[PDB]
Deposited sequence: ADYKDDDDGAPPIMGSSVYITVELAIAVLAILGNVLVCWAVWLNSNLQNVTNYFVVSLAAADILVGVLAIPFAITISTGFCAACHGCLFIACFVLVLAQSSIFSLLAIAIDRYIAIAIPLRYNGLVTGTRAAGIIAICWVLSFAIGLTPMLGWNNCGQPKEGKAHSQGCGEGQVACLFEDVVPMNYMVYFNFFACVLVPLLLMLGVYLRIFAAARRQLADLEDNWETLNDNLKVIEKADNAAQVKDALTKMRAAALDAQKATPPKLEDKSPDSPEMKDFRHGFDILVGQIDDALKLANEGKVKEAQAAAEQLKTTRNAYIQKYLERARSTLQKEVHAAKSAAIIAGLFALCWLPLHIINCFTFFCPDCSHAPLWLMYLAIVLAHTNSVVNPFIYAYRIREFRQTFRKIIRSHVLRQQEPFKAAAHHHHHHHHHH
């Protein structure tokens, strides 16, 4: 058995490196949102809350994890707090990630009433509530669901702990049924599955809306061909009645030129419709040919800006789903190991070095979020450069 301080020195040094990187990167995230007003929206208010929890990981959780790895003597309820405070920050992260996904779903499913529904003041109240719930969930062991009533008295005396103290070890004080049933299944796994379902609805909604923009555009062009090769006044009326419905369906600085374009489009369809109802088929086809001018000058531009906006919303949702996916990737090994500890008492406990590896991997998550915003969000990246240069 090698001396514990050799392996502990590597673990501590890595933990301190992660703490420094988590603090620096996420203080930069908060600084960027504080200065740049283009970054000041509801989505980024949860981003800041998410970054604040990552800051507290390096300031408190990582020093707590270094402390509780030594198994020092402590009063059980005080030992419970340094054991469970990281569960509060992990819970806070989950609420912020679920809020970001829900916020993006509202922006893409009901964009007309997004600003009136999702406001900045309601977001700050939600964030306050989620932090209160995160403390209550994460510090539930301090409410009585703990093993302080049955202290390992042999381990406490072997380390010279005083009366009323225990050897502060996570799996000694935190019950494993809490970690698996309450923390993992109820408070971690179910919300992550809810995020997955929200993102699936987001990408399904975007794909359908792009589909609708391509259908109405093709409906417009196909009915134009029908009018050209028609032979009576009834075929022209049938095609124009479809375009007028598709134009009004599609109508539902640049907002003034696009409203003018659809006023021309629907108006010209009406001109050709009246000429068709009068039996003037040749005059109706010529009036419908003026629609091509309106299409190339106004309607084709609306379809490309609407296509561009939806593509930006997909990219933004993909970036947010990457954040929530890496969170699961970084925390699931720790939760899976707890499942083996709890559900298989005949299996040997996962080796200590694998425990150290899982703990470090979970802490690393507090570093990766500032890199995703830099590589995937131009507004964050450009603000990051201006902060670092200045």
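Residues of the deposited sequence lacking C-alpha coordinates, numbered from 1, fall in the stretches 1-8, 261-273, 412-434.
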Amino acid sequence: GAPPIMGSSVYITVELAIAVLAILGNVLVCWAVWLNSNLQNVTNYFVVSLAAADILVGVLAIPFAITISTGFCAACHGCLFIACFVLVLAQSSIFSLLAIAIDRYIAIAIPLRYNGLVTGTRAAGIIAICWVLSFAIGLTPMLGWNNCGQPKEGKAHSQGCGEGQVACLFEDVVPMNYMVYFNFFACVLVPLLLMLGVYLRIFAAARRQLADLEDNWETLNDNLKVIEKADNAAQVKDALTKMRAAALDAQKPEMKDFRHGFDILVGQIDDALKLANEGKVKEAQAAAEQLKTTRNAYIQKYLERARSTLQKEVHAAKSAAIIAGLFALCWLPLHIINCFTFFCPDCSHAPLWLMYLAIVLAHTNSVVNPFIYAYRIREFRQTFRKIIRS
From here on, numbers count along this sequence of modelled residues.
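Definition used throughout: the rigid core is the maximal C-alpha set that superposes within 1.5 Å between two forms.
Taking 101-109 and 229-237 in turn, the stretch whose Cα atoms are more displaced from the shown form in 7 other deposited structures of this protein following rigid core superposition is 229-237. Gaps at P253 occur in at least a third of the other compared entries of the protein that contain both adjacent residues. The mean Cα B-factor in the deposited entry runs higher for 111-119 than for the other of 111-119 and 173-181. Higher average CA B factor: 228-236, of the stretches 102-110 and 228-236. In the deposited coordinates, the residue among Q251, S93, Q165, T140 with the greatest CA B-factor is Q251. The PDB entry assigns the greatest CA B-factor among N296, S319, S134, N146 to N296. Per-chain ranking of the deposited C-alpha B factor places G125 in the middle third. Among all modelled residues in this chain, the alpha-carbon of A74 has a temperature factor (C-alpha) in the middle third. Annotation for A206: C-alpha temperature factor in the middle third relative to the rest of the modelled chain, per the entry.
When all modelled residues of the chain are sorted by CA temperature factor, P151 is found within the middle third.
Among all modelled residues in its chain, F258 ranks in the highest third by Cα B-factor.
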